[PDB]
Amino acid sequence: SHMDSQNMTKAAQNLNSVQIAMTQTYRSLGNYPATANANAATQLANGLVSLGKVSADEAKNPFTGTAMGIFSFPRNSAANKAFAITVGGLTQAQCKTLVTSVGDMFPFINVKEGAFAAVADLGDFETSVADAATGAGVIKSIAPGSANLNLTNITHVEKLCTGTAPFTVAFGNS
């Protein structure tokens, strides 16, 4: 199956390693490192590698061969209280497979067309209401009233990652 492909297996392992490193490092500080743009996000990812908090292979997006980006964003209006690992360059098929294969490790999921260029593009970890029925934008979050991705809902399954490739999925935690 696609979920067991070399790249999908690596993307699951990498996302896990990176999110664990992020929470282990900053859940003690209360705040995540500010990342103004895509460049700052890919520098943060490379920083985890240089400091030995994850291997070089673990920070890589297996679909692009470059570093996944790590954006710090707001939670309940408070700046940098959450972070999101961005996996871009995804075809629609890779987006559907990746989201459903690693989605359960993340409370926040935002599917976008194109890369996240600014913190504003991510929304808010706690106040952005999910609507998986649209298969786009925030499709999973802790927000009262959010309609999170549910695989038993055929609408959620068909609409997932609808649109134009490449897609970038932001997997967030706090």
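Note that residue numbering follows the sequence shown and begins at 1.
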- Query: Out of 80-88 and 100-108, which one has CA B-factors that are higher on average in the deposited record?
  - Reply: 100-108
- Message: Comparing average C-alpha B factors as deposited, tell me which of 40-48 and 143-151 sits higher.
- Response: 143-151
- CA B-factor placement of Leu160, once the chain's modelled residues are sorted into thirds: middle
- When the modelled residues of the chain are sorted by Cα temperature factor, does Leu122 land in the lowest, middle or highest third? middle
- Third assignment of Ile70 from its chain's C-alpha B-factors: lowest
- Item | Chain-relative CA temperature factor third for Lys60 | middle
- Taking the values exactly as deposited, rank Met8 by C-alpha B-factor within its chain and report the matching third: lowest, middle or highest. middle
